[PDB]
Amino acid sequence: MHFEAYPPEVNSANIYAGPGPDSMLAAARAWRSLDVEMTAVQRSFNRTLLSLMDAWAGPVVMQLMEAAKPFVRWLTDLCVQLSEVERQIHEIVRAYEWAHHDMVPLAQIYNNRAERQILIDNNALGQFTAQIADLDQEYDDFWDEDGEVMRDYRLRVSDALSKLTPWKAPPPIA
């Protein structure tokens, strides 16, 4: 995505509009809880298997532990993925906050445009023409700045998502 395809009125307005990160912050809390509860589940599952082994030692239960091994491992991998989700959501919220902060405010763009129109309104004798071009260079600098702010935002979000790997289906037991 090349957001320099678009003028700064577009990139700046788009980042300032919308509801904010509250709903991402709430989801992060929710993912934390799951991490907590599923770790407890894992820990309870290990204890259940071990106390079954302690209560009835011998070949039948050992074969039961063997047939549970894939699911025990899967459960461990699940918990490791769970503990990464909160982190990365907060990394994304930060990325959004820095994009919001670093983007050029609209007022600054509108002022550039309004100033430029006043010079033109008064340019019968042509003596503001170079100042008019300085303002166009300034506008182009806003376009450039927003372009690179959106580039860095894309790359931060992209890196964060790349660390949230896909859920694998649990293996069976017996």
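Note that residue numbering follows the sequence shown and begins at 1.
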**OP:** Quick one: say whether 30-38 or 58-66 has the higher mean Cα B-factor in the deposited entry.
**Re:** 58-66
Original post:
On average, are the C-alpha B-factors higher in 48-56 or in 133-141?
Top reply: 48-56
Original post:
Mind checking which third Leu125 falls in for C-alpha B-factor across the chain?
Top reply: highest
**OP:** Sort the modelled residues of this chain by their C-alpha B factor and say whether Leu106 lands in the lowest, middle or highest third.
**Re:** middle
**OP:** Please place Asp146 in the lowest, middle or highest third of its chain by C-alpha B factor as given in the entry.
**Re:** lowest
